[PDB]
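A short worksheet on the structure shown next.
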Amino acid sequence: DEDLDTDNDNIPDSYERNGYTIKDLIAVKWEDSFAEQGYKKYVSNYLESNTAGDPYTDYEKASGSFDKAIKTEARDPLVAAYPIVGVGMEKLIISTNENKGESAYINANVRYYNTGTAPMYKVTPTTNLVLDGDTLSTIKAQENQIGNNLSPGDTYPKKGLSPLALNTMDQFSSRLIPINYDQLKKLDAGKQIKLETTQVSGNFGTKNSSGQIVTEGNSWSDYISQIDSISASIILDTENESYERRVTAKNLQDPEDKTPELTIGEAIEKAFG
Amino acid sequence: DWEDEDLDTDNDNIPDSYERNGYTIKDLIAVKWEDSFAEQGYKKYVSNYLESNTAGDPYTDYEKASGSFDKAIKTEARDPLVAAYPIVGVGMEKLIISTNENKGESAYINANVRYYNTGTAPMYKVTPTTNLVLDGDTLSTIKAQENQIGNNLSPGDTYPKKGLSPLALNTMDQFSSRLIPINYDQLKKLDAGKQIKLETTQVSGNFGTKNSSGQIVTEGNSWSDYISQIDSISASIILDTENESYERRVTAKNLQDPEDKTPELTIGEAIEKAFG
Amino acid sequence: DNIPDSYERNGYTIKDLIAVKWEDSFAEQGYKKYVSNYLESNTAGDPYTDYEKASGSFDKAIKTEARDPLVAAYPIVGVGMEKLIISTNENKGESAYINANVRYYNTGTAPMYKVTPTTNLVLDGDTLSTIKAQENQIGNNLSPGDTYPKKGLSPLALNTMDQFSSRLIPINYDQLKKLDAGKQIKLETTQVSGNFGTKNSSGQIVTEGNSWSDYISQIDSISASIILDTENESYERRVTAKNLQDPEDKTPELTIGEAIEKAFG
Amino acid sequence: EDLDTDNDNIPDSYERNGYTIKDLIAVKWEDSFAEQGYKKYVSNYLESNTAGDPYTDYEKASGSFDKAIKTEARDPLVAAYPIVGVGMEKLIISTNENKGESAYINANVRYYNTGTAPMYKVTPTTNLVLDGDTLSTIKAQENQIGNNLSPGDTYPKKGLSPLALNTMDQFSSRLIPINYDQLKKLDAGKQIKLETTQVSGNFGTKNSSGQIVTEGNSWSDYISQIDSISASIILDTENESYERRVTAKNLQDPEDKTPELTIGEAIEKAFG
Amino acid sequence: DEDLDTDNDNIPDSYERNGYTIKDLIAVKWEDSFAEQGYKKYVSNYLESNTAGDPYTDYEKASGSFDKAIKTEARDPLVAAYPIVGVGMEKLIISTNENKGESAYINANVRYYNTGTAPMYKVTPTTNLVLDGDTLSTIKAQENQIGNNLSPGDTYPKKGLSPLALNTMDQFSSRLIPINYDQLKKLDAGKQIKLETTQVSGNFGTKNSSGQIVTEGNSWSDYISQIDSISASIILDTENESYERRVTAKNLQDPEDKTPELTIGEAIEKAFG
Amino acid sequence: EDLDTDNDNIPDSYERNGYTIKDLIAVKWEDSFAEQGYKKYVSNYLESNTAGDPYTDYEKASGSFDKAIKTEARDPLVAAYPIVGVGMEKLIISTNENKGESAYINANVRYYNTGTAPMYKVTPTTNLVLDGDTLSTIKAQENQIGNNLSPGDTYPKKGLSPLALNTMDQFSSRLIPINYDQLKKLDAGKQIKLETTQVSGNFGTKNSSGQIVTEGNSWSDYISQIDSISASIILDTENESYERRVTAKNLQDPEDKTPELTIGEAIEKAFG
Amino acid sequence: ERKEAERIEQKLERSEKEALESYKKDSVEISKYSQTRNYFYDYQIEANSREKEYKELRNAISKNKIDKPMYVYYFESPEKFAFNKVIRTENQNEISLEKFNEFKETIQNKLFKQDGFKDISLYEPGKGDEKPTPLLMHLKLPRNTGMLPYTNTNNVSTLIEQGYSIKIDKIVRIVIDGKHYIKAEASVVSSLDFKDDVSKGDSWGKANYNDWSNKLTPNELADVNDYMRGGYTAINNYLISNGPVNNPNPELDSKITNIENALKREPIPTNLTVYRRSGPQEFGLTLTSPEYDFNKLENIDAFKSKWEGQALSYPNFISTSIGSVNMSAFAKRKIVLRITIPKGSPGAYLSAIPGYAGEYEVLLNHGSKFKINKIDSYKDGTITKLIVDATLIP
Ligand SMILES: [Ca+2]
Ligand SMILES: [Ca+2]
Ligand SMILES: [Ca+2]
Ligand SMILES: [Ca+2]
Ligand SMILES: [Ca+2]
Ligand SMILES: [Ca+2]
Ligand SMILES: [Ca+2]
Ligand SMILES: [Ca+2]
Ligand SMILES: [Ca+2]
Ligand SMILES: [Ca+2]
Ligand SMILES: [Ca+2]
Ligand SMILES: [Ca+2]
């Protein structure tokens, strides 16, 4: 009691089993008189260094010192810090040259939107262009299309600028996108191409000594199966946005893993507010 | 003499009498296998005391038993005597070829592949080397360039997730250029009667290992150098149910070397241990 | 931050590179009064600390109004254009080529060191081509309040798309007929990336590997932006801000008519 | 049992008169172990690794070096040596009906391994021949390399179609060209064959405990050594070949200390 | 005597100025009841670390603790360990296309040979093609035409296999070797082509003494000026083989050089045997 | 008998009044050591390396610095400085049948080095002038570099055909073109002159294990400070040229304590 | 991680940089000097030559402080933990059950101290080509401790300043590349010590003991002040005479009760280490008995046989000094008892009263017990002295 720590995250077991609160960068036993004061009441796990899969620890989160871009909703150690980026396209254009092969080139105008809490830092969304069953092509964005420091709730070219142009099927920007001949006679009559995303990558920031943050080497590519495997997803619509969160859940099958359990009626509240 | 804890002839952090008679993990420490410990729902493990990772896989006995390697690795890998092994394959569909108007490089090809995985653990890249056979002949081998590598593939899933169009494999070079060319006899050969087949040969990959400062890192670790030693000290088991498959390995004893002090299992127990 | 809490919460001033309490006999002497946040190192977001920005031992190219630990250092660069020049040749794909004459300009406080602006070229409300800045067109050492081709030199020329100089900017057929008769091309920036300089204890800055790109989210999510026009040159700065919903962040409070003098002066 | 002059964690007297590993520690050799079935080893006591393979004496005796390596390589004498070869079939050519470069080629190769150790990234350099007149030498590029090629296993497992080799450049482009006289030649009288020249790979080595690294090691600098101080032995069963390399003593010098072997024993030790 | 060592090859002065043998990795003074057992007697210099010049010290080269392919003739500290490699040519086949510029392409069948003691580990020669007192092109072998582990007395394609082709001039193997039309008009008459070799570069394998010999980074290309600026050469022919050696020698002018002198009749026997 | 200010482990009295190395340490300078066959040196006692070359005074005085550097670089007042140049021959041109890019050029160059130290890599930048108009500048690519280029000798050792320089691009391609008016101008009466402008190559030195590393060092940044405070002396006996770079004292300042010489004394100090 | 290695090695000033460089050349002397520093006069501390280097290395270490308990591994001679014999030589292979039993027994419940510089690795000890002694240790480090990695020529071994007290918990017998080894798993127990900083000493003493003077009665205050000024010279002597049994007297008895009451009321608030300069009288010695000399080895080894480990018992009160600096009045005594004090022991601060009664001294109840840990020798001028690290057992 207040003297042992089997997980090594700077929060003793009793606090991690009864509730606590950070007061000037030190854990404090949760009292009932802080609720009016404006504080909160977190609980978490006492056998892991970080009980939500996400790359920030229980103490680093609860204290609120991981970063100054992540929403406040992502501090309660039972809520993952996870971004969700998608790609919406339009204004697809063609260009002919007037050859039964490579008879036309394509071009698309894309824009990335993001929902969630934490921001990505160098995004490269792999997307495929599909036509009426036949996958026309796949493409991973090169250096002309990487979008650095995308935020939560916004789009890559901010509201006020033009969409982005994707035309190139090569690791260096060259060799414009080709197309068959029949597929040109198939999109002149009635049909039109579609664009769908399949995966996205991109680093994630992390603090250092004097702030001195670094974002080179860390990667969201390996904390995604771990989070998608244990958490549970929740979505909300507002006719103006698309809120989306993850919340961890206790697996009752094994009699060993120890982690609190919630109610959907409380999961929703703890997720959005 | 030589009390329980006073002997541990490797760095598995599990004493010998336990690692030989039956133990269980509790509060991140090992304990004797009682019998009243059955009701709560623990499991009784036995292992080898001369080896540091008694199955072959890249996690030790302690990490696999305790449950501190990852969280997407199925709960059939916690047992020390079952390797943590993925098996990834490729399935083709919707072949599409296009001419150009010659007798060499007279038509370009394009296939639609979709990966899938069966087994226990995940892979954090996939670059399957696939070859395209055409009636007793390999038309071309090809390894996935940058556009077609998938990342964070799960166990029991597909790379283009269920409900999305397949992946398109058409380019032959390293920097994606030089669309796959075909002959002229084979054009007339596959236009009339026959069709092309695709088959995989090998897959590279990775596996995420916890660092010395919490943040797991998975650049520099490969699955291509533990396969040679899992396929040679195990026995394979393949289950089918006409809606999805299953694949597992189970470690068997070598009854020839008296230094091989590995515990032994019978089929009527290995089948139950590798699944449940 | 090696400055105590009494100073950091009531008032302090740097003198002989050591902190000291704040009397009221220095305004006629020419000092200032600073305030900070007594829980964190850098209370503003920018990559310098409270003690660094307070002293003045960070650099010499940063405006004297960036010492107050509540006004961040934040370079803001943009791209201006002139003299588009197209060129025909003689097909329907790749029927002409394009060349633009760009010129950068920096408003803000801090400098930038390897500016590589990503610009996209729109026409009649249709994006034609987006383009980074390759080796040739990336000026360095852009001071606060200047241009890359300085006043008195010919503007810069951007005419190539590939990551190596090859595959000059193509253009379709219909678009030629459009931009020849009626309309014209217009480009715009979308983002810029470049480094910042850090000293050491022996006067030697080193700025190979830092990045202004991973701090901008946090400087722009916790601050209020204040702009100003003069028909001579625009000015724009940031000033920190508190949210009274959290009893944790003990950053002091400002007003409008006080921020306008704490920021521009 | 007093001192140790070679720094391999085994005392001289044992290393010279016969010892055996037991519970990861060395022990003298009795005459009451062959009933249970321990082995009997001897080695050289002025050298760490008495054979030449990258492992030491103790690492090879204990069996804590790898798992897929044949048992017959546990002994400190019988070295570890992966002999890999290349076979070719189904050469198909293709014309474009120029005076030179009038056709391209395509071969279907398949690798195979005999010997003990495993190779972990094979890259065999193959050169084409035509009536005693080479045409092109090429070192397999990033498609045709194979990895984790276990011993006793053709590279594509038994049951899959062979490996197609048709490119030349470092990055696949500029396919294999052929002249005109050679074209007009190879339909009338003769045909092409293939024969390897060299093979470069890697080998798995352990670390502190558990994890192995195969990126940086290479069998390319342990071949001259291994092959200059030994004697080869081959055996044909007419269903699967076998090959090993046994160590032998250069008797000229009197300083070099290595136990000699009568061939009647080198055989019954190498294979089994 | 036995007091100290002014160098640091840990063999003392007297042992290094009158004679010494190596027994069980320890130096020992030289009797005369030893030449019957089967030993030898060396003598070296007590100021340099490595006395002949080659990249192995006195002690390693003396006690035979450096490699296992290097000839027994190089164990003496005064005979430098050094490989001398050459290239032989045959069967130049040309192919004519169908222009006064670049009217044909050439292809040669070469094979490597190595004489001397040491082995090399990445042989990459630099050969040029001379025709009738004129030079056509100089090319340095690329990834396809590099060798591996030339042991002393062998060939890169081992004896039994076909020779190794050489055709392409670029760094990445494309841009086939051109030939001007006038050279072809001259060659077709009955002239010929001579292939000369100018230099070779390739690593040398050194034991790391913590196991796992290393051979990446080291190079012979910087021990050649040294070894060949102080020593003197010896050749030998047999109408069936060839042999080459380099032996050090003294600077009779300088009193700072203390390295015992020899005589031809003794150096020949010490080197070859 | 005093403390070493410059900290080159040779005391001030010796470094100021003549000294001599013997058995790897310095000794006072007697008046009869010249009978043995020794030498006498002087050196600045404030700077570590008095000459400016990348070696120190103890090194250049003891001879431990290398084994392929001419003797006359031991006298610390004599910099070690290699001067390498390029000579041309057999200019050939090749037509092809355009009013631009109408022919290709090909030259036969040969390097040569004079002076003291060798250079372990050579990459000479040459520019082909044509009747007072530079035609194409070129830096030696990977095929035309050399190494271990001894002092005095040439790159292709005597008795071999010269080196062939024809290709422009970094990676070998894009042969050097030429216009159509320059062609009609040179084949009629004129020819092409060549002139190097600079060469840069590393220099070997000891390491922390007992090897001699030759990478990561460069003569390209020791040519400014050597050719700033030093005077050139050139001889030529028509069998071989000779180039040396001696130092001298800047008399103007009061701080420079570096001994001064007379030309008749410096000549014998350099060439001997 | 050479990245952070080099990235940390430019936030320094010239002095620190050159000192960290020179550390790769004079390691062992720097360490051994940093071990025994504060046990001199105040004179040589601010006067010795290798003071700039200790100062700059300390201010280099103290900069970088970690934020979570982190594990370290290092090989340790078995001598420091009271084992003056062998477990196995460097040419054997295995350790015997008898020696293992002996070791496991002789370190049952102790608390050892470490106060020097140290190098340290972090990964497991594999083929590092350095494993001298058969006792590996596997230690834990608490929050906010110093750590500074130098980027050595090929290895990157971090450097710490062990200034705390450890205790051994768990020992096992493992094997490494054939040979045997013992492994111990230890932690850090927090202690508060002022090696030299006596200004902070006085600050703590006052701030903790000033408000205590009002927990007594004026007769008790007056009496305890009497006993603290001069009475001790005689009072405690009565205690030596075994008064309350052999020759009773109630006057000095009531005085004793006064002192004991005054001491019991307020304990020490935190683990505190005190330094008392003892002499020959207290240890069965004089300035005459041959054993008192500590230049020769046989005397030292006989003493380390007799007293090391055995318990010590005191009849009188203990007046201890806090500042570990050698003062003037003890230029003849050659033993520096170094006691540790837990949170919960009686006593008070005699230098809490404004008025001359003692320079930073603390009281410890009479008739007490001490369990001794370890004896060491340190040199000064011509003579060595015996540092005796001994624990106060409650
Ligand atoms: Ca905790
Ligand atoms: Ca926790
Ligand atoms: Ca164990
Ligand atoms: Ca184990
Ligand atoms: Ca602070
Ligand atoms: Ca602060
Ligand atoms: Ca041995
Ligand atoms: Ca041995
Ligand atoms: Ca010597
Ligand atoms: Ca020597
Ligand atoms: Ca000097
Ligand atoms: Ca000097």
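Letters A, B, ... mark the chains of the structure tokens in the order given; residue numbers begin at 1 per chain; ligand numbers begin at 1, in order shown.
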* Please return, as a list in words, all residues of chain E lying within 10 Å of chain G when only C-alpha atoms are considered. =>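 Result, ordered by chain then number: residues 209, 210 and 211 of chain E.
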* Residue hits in chain A, query chain C, radius 7 Å, only C-alpha atoms, as a PyMOL selection string -> chain A and resi 38+68-69+95-98+144+149+151+157+162-165+172-174+210+212
* Would you name the residues within 10 Å of ligand 1, counting only C-alpha atoms and all ligand atoms, and put them as number ranges by chain? -> A: 2, 4-17, 44-50, 58-59
Hey, can you spit out that residue selection with N, CA and C atoms as a short mmCIF file (atom, residue, chain, number, x, y, z; two decimals), in the first residue's frame?
data_model
loop_
_atom_site.label_atom_id
_atom_site.label_comp_id
_atom_site.auth_asym_id
_atom_site.auth_seq_id
_atom_site.Cartn_x
_atom_site.Cartn_y
_atom_site.Cartn_z
N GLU A 2 0.78 2.02 -1.08
CA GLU A 2 1.56 3.24 -1.29
C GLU A 2 3.06 3.01 -1.25
N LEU A 4 4.55 -0.08 -2.97
CA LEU A 4 4.96 -1.04 -3.97
C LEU A 4 4.36 -0.67 -5.31
N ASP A 5 5.02 -1.14 -6.38
CA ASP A 5 4.61 -0.82 -7.74
C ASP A 5 5.09 -1.98 -8.62
N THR A 6 4.18 -2.90 -8.93
CA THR A 6 4.54 -4.06 -9.72
C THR A 6 4.54 -3.79 -11.22
N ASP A 7 4.20 -2.57 -11.65
CA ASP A 7 4.17 -2.24 -13.06
C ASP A 7 5.20 -1.21 -13.48
N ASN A 8 5.75 -0.43 -12.54
CA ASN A 8 6.76 0.58 -12.83
C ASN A 8 6.22 1.67 -13.76
N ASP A 9 5.21 2.39 -13.27
CA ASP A 9 4.67 3.55 -13.96
C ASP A 9 4.43 4.73 -13.03
N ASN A 10 5.01 4.72 -11.84
CA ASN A 10 4.98 5.84 -10.90
C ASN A 10 3.60 6.08 -10.31
N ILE A 11 2.78 5.05 -10.21
CA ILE A 11 1.48 5.15 -9.54
C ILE A 11 1.26 3.89 -8.71
N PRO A 12 1.19 3.99 -7.39
CA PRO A 12 1.08 2.79 -6.56
C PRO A 12 -0.22 2.03 -6.79
N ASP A 13 -0.22 0.78 -6.34
CA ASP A 13 -1.32 -0.13 -6.65
C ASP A 13 -2.64 0.37 -6.07
N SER A 14 -2.61 0.88 -4.84
CA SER A 14 -3.85 1.28 -4.19
C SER A 14 -4.54 2.40 -4.97
N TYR A 15 -3.76 3.37 -5.44
CA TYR A 15 -4.33 4.42 -6.27
C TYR A 15 -4.87 3.86 -7.57
N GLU A 16 -4.13 2.94 -8.20
CA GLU A 16 -4.57 2.32 -9.44
C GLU A 16 -5.76 1.39 -9.25
N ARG A 17 -6.18 1.12 -8.02
CA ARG A 17 -7.38 0.33 -7.79
C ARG A 17 -8.53 1.10 -7.16
N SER A 44 -7.36 2.90 -13.75
CA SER A 44 -6.61 2.26 -14.81
C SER A 44 -6.13 0.90 -14.32
N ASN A 45 -5.18 0.31 -15.03
CA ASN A 45 -4.64 -1.00 -14.69
C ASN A 45 -3.36 -0.87 -13.89
N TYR A 46 -3.09 -1.88 -13.06
CA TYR A 46 -1.94 -1.87 -12.17
C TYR A 46 -0.98 -3.01 -12.44
N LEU A 47 -1.01 -3.58 -13.64
CA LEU A 47 -0.07 -4.62 -14.02
C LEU A 47 0.58 -4.36 -15.38
N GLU A 48 0.32 -3.22 -16.00
CA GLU A 48 0.91 -2.86 -17.28
C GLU A 48 1.41 -1.42 -17.23
N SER A 49 2.40 -1.14 -18.07
CA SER A 49 2.92 0.22 -18.13
C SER A 49 1.99 1.14 -18.88
N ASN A 50 1.13 0.60 -19.74
CA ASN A 50 0.19 1.41 -20.50
C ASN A 50 -0.99 0.53 -20.89
N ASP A 58 0.44 5.24 -18.58
CA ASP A 58 -0.63 5.68 -17.69
C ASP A 58 -0.31 7.02 -17.06
N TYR A 59 0.88 7.14 -16.46
CA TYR A 59 1.22 8.39 -15.80
C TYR A 59 1.44 9.51 -16.80
#
* To do: Check every protein, DNA and RNA residue against ligand 3, keep those with an atom at most 9 Å away (counting only C-alpha atoms and all ligand atoms), and present them as a VMD selection string.
  => (chain B and resid 7 to 19 48 to 52 61) or (chain G and resid 174)
* Asked: Once you count only C-alpha atoms, which residues of chain A turn out to be within 6 Å of chain B? Could you give them as a count of residues only?
  -> 11
* Asked: chain C residues within 8 Å of chain G, counting only C-alpha atoms: which ones, as a PyMOL selection string?
  -> chain C and resi 200-202
* To do: From a DSSP pass on the backbone, collect the residues of segment 89-243 of chain F flagged as alpha helix (DSSP H) and hand them back as a PyMOL selection string.
  => chain F and resi 181-186
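With only C-alpha atoms as the atoms that count, the minimum distance from chain F to the choices G:242, G:154, G:145, G:320 is reached by G:154.
Using only C-alpha atoms, the residues found no farther than 9 Å from residue 272 of chain A, other than those of its own chain fewer than 3 positions away, are residues 73, 243, 245, 267, 268 and 269 of chain A.
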* Which chains and residue numbers are within 10 Å of ligand 12, counting only C-alpha atoms and all ligand atoms, if I want them as a list in words? ->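 Selection of residues at most 10 Å from ligand 12: residues 4, 5, 6, 7, 8, 9, 10, 11, 12, 15, 16, 42, 43, 44, 45, 46, 47, 48, 49, 50, 51, 56, 57, 58, 76 and 258 of chain F.
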Keeping only C-alpha atoms, write the selected residues as a short mmCIF file (atom, residue, chain, number, x, y, z; two decimals), in the first residue's frame.
data_model
loop_
_atom_site.label_atom_id
_atom_site.label_comp_id
_atom_site.auth_asym_id
_atom_site.auth_seq_id
_atom_site.Cartn_x
_atom_site.Cartn_y
_atom_site.Cartn_z
CA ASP F 4 56.50 21.09 -23.37
CA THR F 5 54.37 24.13 -24.15
CA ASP F 6 53.10 23.04 -27.57
CA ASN F 7 52.67 19.52 -26.11
CA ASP F 8 54.37 17.52 -28.85
CA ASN F 9 56.50 15.57 -26.31
CA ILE F 10 59.74 17.31 -27.26
CA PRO F 11 60.93 19.90 -24.72
CA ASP F 12 61.59 23.53 -25.54
CA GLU F 15 63.18 22.21 -30.09
CA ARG F 16 65.05 25.52 -29.89
CA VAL F 42 64.85 22.72 -35.49
CA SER F 43 61.16 23.38 -35.00
CA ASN F 44 58.69 25.92 -33.67
CA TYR F 45 57.97 25.44 -29.97
CA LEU F 46 54.46 26.96 -29.92
CA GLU F 47 52.60 25.11 -32.68
CA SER F 48 52.17 21.35 -32.73
CA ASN F 49 52.70 20.90 -36.48
CA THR F 50 55.16 23.52 -37.66
CA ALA F 51 54.84 22.87 -41.38
CA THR F 56 53.30 16.49 -36.22
CA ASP F 57 56.94 17.20 -35.43
CA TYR F 58 57.64 14.02 -33.47
CA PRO F 76 60.22 19.35 -39.98
CA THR F 258 59.57 29.84 -36.41
#
* Using DSSP on the backbone, list every residue of segment 8-152 of chain C that comes out as strand (DSSP E), and give them as a PyMOL selection string. => chain C and resi 12-15+18-21+76-88+96-107+112-114+118-123+126-131+140-142
* To do: Excluding residue 155 of chain G and residues on its chain fewer than 3 positions from it, collect all residues at most 10 Å away from it, counting only C-alpha atoms, and give them as a PyMOL selection string.
  => chain G and resi 2+121+128+150-152+158
Selection file, C-alpha atoms, as a PDB file, in the first residue's frame:
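Output file part.pdb follows:
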ATOM      1  CA  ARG G   2      24.693   6.162 -30.608  1.00  0.00           C
ATOM      2  CA  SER G 121      26.061  -1.407 -19.049  1.00  0.00           C
ATOM      3  CA  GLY G 128      31.175  -8.259 -24.196  1.00  0.00           C
ATOM      4  CA  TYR G 150      29.731   8.835 -23.146  1.00  0.00           C
ATOM      5  CA  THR G 151      30.180   7.738 -26.752  1.00  0.00           C
ATOM      6  CA  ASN G 152      33.304   5.669 -26.293  1.00  0.00           C
ATOM      7  CA  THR G 158      26.690   4.787 -19.444  1.00  0.00           C
TER       8      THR G 158
END
* Return the neighbours of chain G among the residues of chain F, cut-off 12 Å, counting only C-alpha atoms, as a list in words. => residues 207, 208 and 209 of chain F
Suppose we keep N, CA and C atoms; can you now write the selection as a tab-separated table (two decimals), in the first residue's frame?
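Wrote it out as again_18.tsv, contents follow:
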chain	number	residue	atom	x	y	z
F	207	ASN	N	45.75	4.26	-36.98
F	207	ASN	CA	44.46	4.14	-36.31
F	207	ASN	C	44.67	3.59	-34.90
F	208	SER	N	43.56	3.43	-34.17
F	208	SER	CA	43.56	3.06	-32.76
F	208	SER	C	43.63	1.56	-32.53
F	209	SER	N	43.94	0.77	-33.54
F	209	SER	CA	44.06	-0.68	-33.39
F	209	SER	C	45.37	-1.25	-33.91
List as a PDB file with C-alpha atoms, in the first residue's frame the protein and nucleic acid residues near residue 56 of chain A, meaning an atom at most 12 Å away when only C-alpha atoms are counted, but skip any in the same chain fewer than 5 places from it.
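part.pdb was written with the following content:
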ATOM      1  CA  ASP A   9       4.672   3.551 -13.964  1.00  0.00           C
ATOM      2  CA  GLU A  48       0.912  -2.859 -17.276  1.00  0.00           C
ATOM      3  CA  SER A  49       2.924   0.221 -18.132  1.00  0.00           C
ATOM      4  CA  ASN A  50       0.187   1.408 -20.501  1.00  0.00           C
ATOM      5  CA  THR A  51      -3.304  -0.057 -20.374  1.00  0.00           C
ATOM      6  CA  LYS A  61      -1.199  10.447 -20.029  1.00  0.00           C
ATOM      7  CA  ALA A  62      -2.982  11.165 -16.751  1.00  0.00           C
ATOM      8  CA  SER A  63      -0.543  13.945 -15.883  1.00  0.00           C
ATOM      9  CA  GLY A  64      -1.389  15.508 -19.241  1.00  0.00           C
ATOM     10  CA  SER A  65       2.164  16.098 -20.456  1.00  0.00           C
ATOM     11  CA  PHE A  66       2.497  13.894 -23.539  1.00  0.00           C
ATOM     12  CA  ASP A  67       1.887  16.696 -26.028  1.00  0.00           C
ATOM     13  CA  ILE A  70      -4.134  15.788 -28.460  1.00  0.00           C
ATOM     14  CA  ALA A  74      -7.689  11.346 -24.602  1.00  0.00           C
ATOM     15  CA  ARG A  75      -6.336  11.622 -21.069  1.00  0.00           C
ATOM     16  CA  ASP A  76      -8.466   9.181 -19.077  1.00  0.00           C
ATOM     17  CA  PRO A  77      -6.171   6.137 -19.257  1.00  0.00           C
ATOM     18  CA  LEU A  78      -9.027   3.912 -20.449  1.00  0.00           C
ATOM     19  CA  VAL A  79      -9.348   5.761 -23.786  1.00  0.00           C
ATOM     20  CA  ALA A  80      -6.891   5.147 -26.601  1.00  0.00           C
ATOM     21  CA  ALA A  81      -5.232   7.990 -28.519  1.00  0.00           C
ATOM     22  CA  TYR A  82      -5.765   6.993 -32.131  1.00  0.00           C
ATOM     23  CA  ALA A 118      -4.180  12.484 -32.025  1.00  0.00           C
ATOM     24  CA  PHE A 204       3.671  10.112 -34.146  1.00  0.00           C
ATOM     25  CA  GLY A 205       5.330  12.702 -31.968  1.00  0.00           C
ATOM     26  CA  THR A 206       6.910  12.073 -28.594  1.00  0.00           C
ATOM     27  CA  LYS A 207       8.419  14.477 -26.086  1.00  0.00           C
ATOM     28  CA  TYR A 223       0.277   0.028 -32.485  1.00  0.00           C
TER      29      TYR A 223
ATOM     30  CA  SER B 213      12.029   2.150 -23.299  1.00  0.00           C
ATOM     31  CA  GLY B 214       8.512   0.827 -23.833  1.00  0.00           C
ATOM     32  CA  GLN B 215       7.978   1.828 -27.445  1.00  0.00           C
ATOM     33  CA  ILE B 216       7.847  -1.361 -29.514  1.00  0.00           C
TER      34      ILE B 216
END
* **Exercise: residue 34 of chain G partners within 6 Å, only C-alpha atoms, chain neighbours under 3 positions left out, as a ChimeraX atom specification** => /G:31,37,116
* Provide as a PyMOL selection string the residues of chain B at most 9 Å from chain D, counting only C-alpha atoms. => chain B and resi 9+11+50-53+56-60+102-105+129+131+133+136-143+172-175+178+183-185+199-202+220-222+224-233+256-259
* **atom CA of residue 199 of chain C to atom CA of residue 57 of chain C, distance in Å rounded to a single decimal** =>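 Distance between the two atoms: 8.1 Å.
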* Test item: residues at most 10 Å from residue 31 of chain E, only C-alpha atoms, excluding those fewer than 3 positions along its chain, as a VMD selection string -> chain E and resid 19 to 21 28 34 to 35 41
